[PDB]
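Here we start with a single chain on its own, the form deposited in one PDB entry, put down as structure tokens.
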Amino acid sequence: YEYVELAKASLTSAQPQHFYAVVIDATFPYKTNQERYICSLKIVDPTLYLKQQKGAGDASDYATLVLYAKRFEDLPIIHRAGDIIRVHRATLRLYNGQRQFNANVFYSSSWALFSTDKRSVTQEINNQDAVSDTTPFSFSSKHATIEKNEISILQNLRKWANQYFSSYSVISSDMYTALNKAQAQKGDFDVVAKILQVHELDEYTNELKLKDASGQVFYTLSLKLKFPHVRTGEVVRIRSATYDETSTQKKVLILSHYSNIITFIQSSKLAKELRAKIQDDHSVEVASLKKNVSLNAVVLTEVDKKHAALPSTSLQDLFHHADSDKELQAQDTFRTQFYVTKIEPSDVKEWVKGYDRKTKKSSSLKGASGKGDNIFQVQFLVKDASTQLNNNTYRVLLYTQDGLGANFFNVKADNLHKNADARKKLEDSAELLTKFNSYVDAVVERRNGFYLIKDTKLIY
């Protein structure tokens, strides 16, 4: 096998050619008819990656790759831009002025993907390790072979990819539309924004809260199975999106079966600048707290910074598998998300009780301070996406006698029968928590079969 550079590939031979290249864009593998699937991507290399700079504006130049197949599983799923793909037996031709490489995988063509970063997206999601730097994390056909002479190619192109992504935007301004101008587009368009929030809408759907450099916020649904790599705080490029005119309560983007959500390799200059430039926005949330019925979800809390790198656990596992699953048994501290259906005790004034540390008993303060230290003894009845359909509600406690969850309400424990200020603040919070579309993101600690909230605080 001989590998040719993108710009040097023959346009006349019309013979099968092979090459290595960096993927900067790609559609998701999609079906076109009762037998064909396609995946169109944009590729670059040391000989083709930027337009004639002078009046080009530093726009990116690229070649296009079109893979054909009879089965979905025979096409590459590009989750991250910047990775490398090796193709075998591709025919080159000019399509509307650009170098178009066509490869029929259902016949004799094949592809192989190599992680430019230490790990592939899937490997990062599973906290795995790479077999080797010359091992493809995915490929077409039952076999993929790498020769000794390829190592230098792959290793060099990798070095080039990082230099390329760290020096240029790669995804230039001409390759996407600003969110505050999305409504002006006739058809579909591309986006480049930071994921401000990943809200689990249902058993199979994530609702991404996006915000781009224009300051505009948008929401879009992202199937869990299709895009399992979405993460809050990360920057992604969305291939093919449309403005939803039928949504008046919130700005929504519509995606198609061919639409794709792509992240950037660690060295991405664009992603790096956007992660810092674009900052969290709570304007939508703050505005919803004034509505009787908000169609926009509101995460009322924030977990301690130290628990940020902690994966979440659903109520289904927390309450139905925490005593049977080998793994869940080993953990005592968990993070989870849910919405409050009811709060006990009903009387907010009873949320704070007097606690005697010698008898391990608490009591009402409707009869003066002769009971002991003031503590919160609140019992939340919650539910979530994983348990959304069952006839259950789960108990989550906020017992602050030992310090856990003492600052949840941003209101130090006090006699609510006398301190009107504290009572009102807690009464208002009680309304926000039980209101539709209000959710809680918190860290809990398993103690004697119960979960107590800790390192979690309201931000409204």
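Only residues modelled in both forms are compared. In this text, rigid core is short for the largest set of C-alphas that superpose within 1.5 Å between two forms. Residues carry their position along the shown sequence, with the first being 1.
One more form of this protein should be noted, the form deposited in another entry, which is absent from this view; the next part is about it.
So which residue among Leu255, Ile343, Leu113, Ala182 shifts its CA at least 2 Å between the shown form and the other one once the core is superposed?
-> After core superposition, the one over threshold is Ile343.
Taking the rigid core as the frame, does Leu6 move its C-alpha by 2 Å or more between the shown form and the other one?
-> After core superposition, the C-alpha of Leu6 moves less than 2 Å between the shown form and the other one.
Spell out whether the Cα of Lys148 moves at least 2 Å between the shown form and the other one when the two forms are superposed on their rigid core.
-> For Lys148, whose C-alpha is compared between the shown form and the other one after core superposition, the shift is less than 2 Å.
Any chance the CA of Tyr355 moves 2 angstroms or more between the shown form and the other one, core superposed?
-> Yes, the C-alpha position differs by at least 2 Å between the shown form and the other one.
Are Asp58 and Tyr95 closer or farther apart at their Cα atoms in that other deposited form than shown, with the shift being 3 Å or more?
-> They are closer; the C-alpha distance drops by 3 Å or more in that other deposited form.
Tell me whether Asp58 and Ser166 end up closer or farther apart in that other deposited form, going by their C-alpha atoms; the shift is 3 Å or more.
-> Farther apart, which means the C-alphas of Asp58 and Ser166 are at least 3 Å more distant in that other deposited form.
Moving stretches between the shown form and the other one on a rigid-core fit: which runs of at least three residues all have C-alpha shifts of 2 Å or more?
-> Residues 12-14, 50-61, 118-128, 281-283, 294-460 form the shifted runs.
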